[PDB]
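Below is one structure, written out as structure tokens; the observations come after it.
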Amino acid sequence: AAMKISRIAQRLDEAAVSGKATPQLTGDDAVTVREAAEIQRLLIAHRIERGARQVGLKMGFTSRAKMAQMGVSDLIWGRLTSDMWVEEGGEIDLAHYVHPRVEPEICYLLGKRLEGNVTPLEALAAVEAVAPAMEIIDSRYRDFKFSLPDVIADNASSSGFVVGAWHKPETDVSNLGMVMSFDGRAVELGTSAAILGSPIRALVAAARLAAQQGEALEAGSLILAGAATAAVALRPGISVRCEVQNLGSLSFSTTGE
Amino acid sequence: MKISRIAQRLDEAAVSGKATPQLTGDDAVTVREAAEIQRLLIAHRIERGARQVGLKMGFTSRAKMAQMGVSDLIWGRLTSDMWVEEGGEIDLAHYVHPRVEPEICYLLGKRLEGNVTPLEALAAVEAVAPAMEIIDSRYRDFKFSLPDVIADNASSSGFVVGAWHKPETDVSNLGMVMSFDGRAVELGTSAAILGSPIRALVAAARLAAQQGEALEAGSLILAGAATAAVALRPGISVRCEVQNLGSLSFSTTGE
Amino acid sequence: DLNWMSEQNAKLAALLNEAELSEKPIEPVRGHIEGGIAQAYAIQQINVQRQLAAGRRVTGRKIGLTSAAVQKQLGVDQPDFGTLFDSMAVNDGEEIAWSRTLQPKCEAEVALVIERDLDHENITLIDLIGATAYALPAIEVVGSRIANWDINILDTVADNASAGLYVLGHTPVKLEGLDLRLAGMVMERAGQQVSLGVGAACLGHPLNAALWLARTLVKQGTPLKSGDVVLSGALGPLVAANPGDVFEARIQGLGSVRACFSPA
Amino acid sequence: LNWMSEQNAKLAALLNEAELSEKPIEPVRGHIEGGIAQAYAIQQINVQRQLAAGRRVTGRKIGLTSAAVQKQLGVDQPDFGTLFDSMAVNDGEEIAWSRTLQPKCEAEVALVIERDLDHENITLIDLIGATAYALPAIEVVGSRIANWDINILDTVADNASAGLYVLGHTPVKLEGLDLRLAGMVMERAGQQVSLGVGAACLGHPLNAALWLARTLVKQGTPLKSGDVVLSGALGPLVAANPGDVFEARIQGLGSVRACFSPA
């Protein structure tokens with residue numbers, strides 16, 4: 001707990017609320033990874049104070065190639081809250097966002113609580129259903145250059161999330177094709193195999209990361225497993241669609257200029 | 001008095017990653033003696049903050065049993081610190097000299113206790129999955145002793161599990177390819193576990209009831225090794241491919 | 001071969017033929033072979049012609065040394081082949097007369113039935129897949145005319161790759177929808193597991209060995225024909241058979257087959 | 001009309017000597033003033049050289065199957081290479097390092113052809129009727145040119161950089177197969193070295209096979225029954241090293257392993 005922790009959390013929370021970028025920490029605002037953890041918690045507390053509640057988790061850096069490119073040794077997670085929800089098939093004004101990007105993901109719905117060091121086996125025993133999804137991510141910082149602690153403090157860019165149809169939990173999601181498209185033309189092509197080599201691996205990691213903060217994946221949680229492709233900058237007046245092999249598609253639009 | 005020091009030197013070896021001599025003459029143990037060293041051996045892990053999470057059967061074959069001059073199987077209790085993340089990495093420096101084995105794992109959805117039929121056993125199973133057991137004898141240059149292996153907790157040390165598969169999946173005769181960096185080191189079938197893995201689950205429950213325990217709900221049971229163990233070395237990708245059960249893998253750190 | 005019908009080769013073939021007719025294994029003939037593995041195939045070939053002369057029908061081929069471990073113990077880096085005849089054929093469960101064996105040993109295998117002739121040069125995997133109708137779970141009963149299985153590459157190839165009987169299953173299973181790389185194999189006798197394996201043990205895949213055999217047969221002028229059955233190779237270790245023995249082999253996704261030996 | 005020129009035979013001979021000696025050579029695009037047509041002629045001379053050595057044309061490989069790759073090479077169309085019995089490998093078979101030359105792996109959908117497509121104006125319908133089944137495949141491309149320094153003239157003259165092709169054993173018919181959203185992952189030592197989907201291969205693997213079928217009919221060498229068509233990259237190529245084992249998985253199609261031997 002510190003004056004700097006409160007000052008940055010509040011600065012990051014108004015960037016989110018106003019949709020205006022905010023500068024990164026340098027020297028005086030330079031933060032510890034441990035400092036970012038506390039800022040991440042206060043950033044969410046700001047949202048819970050406005051009536052939103054925690055509803056899930058999102059994993060970041062869900063590939064060894066990704067951790068390698070950012071020089072990290074583990075993935076980053078973000079907390080999701082009732083206010084980041086987007087109606088599937090709905091519209092979003094880009095005006096309430098700093099510079100949002102869209103990523104295709106696999107989502108798990110927990111039917112039971114999942115806690116600690118779990119096997120893939122035990123992870124899916126607590127899963128109710130599975131679905132394709134798109135995460136809308138938003139770095140609230142202006143002129144951003146990568147620093148690990150900033151993204152942890154900025155809640156791993158959590159901002160929006162949209163999910164598709166219910167699918168049986170035993171569906172094989174290990175290597176499904178994915179087509180993310182703007183106005184029907186593909187912007188990204190890939191497979192859900194991009195998420196740690198097997199999406200259930202991200203569900204296992206989420207229980208590991210959550211236990212680190214003494215937390216757990218509670219019954220009813222929505223877990224965004226991770227990005228199957230690189231994110232794409234969103235623009236106005238577009239139809240954003242995610243199509244997955246054996247999972248159907250999900251969509252949302254952006255308001256016109 | 002004796003049992004406590006053997007348990008501690010055995011336990012010492014595991015946290016230390018350094019071998020220890022077999023029980024001889026003075027420290028020579030009885031199966032019964034070895035039984036308490038095993039209980040105390042797990043007690044040390046408990047004390048350190050880990051809990052019992054499953055069982056592992058050993059000598060899960062009539063050929064393996066007769067080859068070791070025993071008339072029954074042996075088992076080891078699994079604890080949470082032996083857990084290894086699937087797709088993870090392990091440092092061999094933390095092991096005295098470990099080997100890997102491919103197995104079948106059952107996740108118990110309900111309590112199973114006593115002398116049960118194959119039918120009753122699978123009624124208590126939530127799901128089944130392929131798995132790899134990381135075994136590690138704590139003895140240095142081990143000349144086979146039944147009491148030492150019992151007392152050394154059936155060499156239990158590491159375990160990794162694959163994906164959830166429906167409990168009615170027929171795992172009676174599935175092909176198993178255990179490989180090092182994509183090249184097979186062992187080739188077999190799940191039929192190697194007692195001629196039918198469900199039999200190891202049955203034996204697992206008969207053996208737990210032997211000491212007043214039971215297979216609790218949510219336990220992990222490693223049915224048995226379907227092939228021979230292969231010694232692990234640094235910088236290798238270890239994978240286990242099982243027919244109809246997908247695959248699981250973990251790496252070893254390089255020097 | 002320009003001289004596969006030599007006076008020496010005929011003597012060795014008649015020796016092996018006689019050893020089989022009298023039910024009496026003879027001593028190793030490797031000392032008498034100086035032309036290498038080609039001379040050994042000429043000797044197997046003479047005995048094939050001998051069987052065709054007695055009105056027997058070539059029904060297929062067997063593939064041996066389908067593992068690198070077994071290849072190494074014989075000083076070679078390739079498999080061997082033997083010739084099957086209608087008289088070696090056994091159906092699942094049929095009683096097997098002890099007189100029909102000679103130092104019998106059992107091995108679970110995948111049987112491939114061929115429906116097209118592979119007569120051309122450079123046969124590919126695509127050709128083989130198109131010529132394979134279906135597969136049967138099989139048990140090969142090998143036999144040696146050489147006493148106490150004292151054989152090297154020349155003894156076995158010359159002795160028809162140690163062929164004996166082939167027990168086939170009754171239910172065909174098409175290849176599409178059949179994973180032969182990971183198919184599990186278990187052979188039991190009196191409730192005991194006597195042999196354990198997987199499809200990958202057979203040269204990585206049964207079609208890997210069958211492609212080898214088709215290619216080798218074309219080079220020997222005796223191509224695989226329609227209706228031929230290919231005993232592709234051991235999926236696990238050989239188990240010596242005894243009178244009264246019943247061996248059951250299960251190949252996950254292919255089926256089961258039983259080899260029942262009569263009590264002599 | 002002049003495909004059998006002294007210039008072309010010299011270039012073909014150069015690439016052929018490079019393959020035999022296992023030593024790559026300097027780029028040849030600088031010696032080709034005839035465009036991609038002269039490069040195809042050079043490829044053709046080496047195809048006849050292989051046929052005259054008694055080898056069998058077992059199929060074709062399609063290259064430049066993404067607009068991104070067509071754009072880097074300055075083209076708006078894919079390229080094609082000729083496969084031979086000597087270039088074939090089965091799933092899991094050891095690949096002798098001497099069979100590669102600066103090897104790279106790409107996961108692809110292999111389409112086996114069962115009817116000749118000899119006529120002009122081939123349609124998607126002709127291709128569907130002529131397609132028997134599909135197979136998971138890993139193409140092992142190779143370069144006779146030093147350090148993969150290649151333009152469209154270099155690769156087309158060097159058999160569109162074809163090396164080996166690794167095929168799986170289990171066929172799957174097109175009916176009940178979605179090749180557009182089929183997911184692709186290629187791994188080496190438990191790592192995801194290539195990620196893709198069927199749609200990455202020109203939108204659909206049959207769009208590439210249809211392109212090839214007609215290109216071959218205009219070159220006087222159509223697709224034939226039994227030919228295997230490697231339809232194109234599903235993901236990015238990964239450079240291969242001695243002893244490497246790459247495993248490719250195509251959802252609904254199957255898996256295939258390319259095992260490189262050491263030394």
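What's counted below: heavy atoms across the whole structure, side chains too, no hydrogens, waters or symmetry copies. Within every chain, numbering begins at 1; the chains are lettered A, B, ... in the order of the sequence lines, protein sequences first and strands thereafter.
B:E85 has its side chain within reach of A:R208: a pair of non-hydrogen atoms, C-beta onward, lies under 4.5 Å apart. B:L248 is not listed as a side-chain neighbour of A:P120, based on a closest heavy-atom distance of 4.5 Å or more.
Rounded to the nearest 0.5 Å, atoms CG (A:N117) and CE (B:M82) are 13.5 Å apart. Rounding to the nearest 0.5 Å gives a distance of 8.0 Å between SG of B:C105 and CD of A:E122.
B:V128 and A:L121 make their closest contact through O-CD1, 3.9 Å (heavy atoms, listed as atom of the first residue, atom of the second, distance). Nearest heavy-atom pair across A:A125 and B:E126 is CB-OE1, 3.6 Å.
Heavy-atom distances place no part of A:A123 under 4.5 Å from chain B, backbone and side chain included. With a 4.5 angstrom heavy-atom cutoff, A:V118 touches chain B only via backbone atoms. No part of B:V84 comes within reach of chain A, as not one of its non-hydrogen atoms sits under 4.5 angstrom from that chain. Neither the backbone nor the side chain of A:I200 comes within less than 4.5 Å of any heavy atom of chain B. For B:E86, the parts lying near chain A are the backbone and the side chain together; criterion is any non-hydrogen pair under 4.5 Å.
For B:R48, the CZ atom sits in a packed shell: over 12 heavy atoms of surrounding residues, nucleotides or ligands are nearer than 6.0 Å. Residue B:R183 places its CZ atom among more than 12 non-hydrogen atoms of other residues, nucleotides or ligands, all under 6.0 Å distant. Heavy atoms from other residues, nucleotides or ligands lying under 6.0 Å from CZ of B:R99 number 12 at most.
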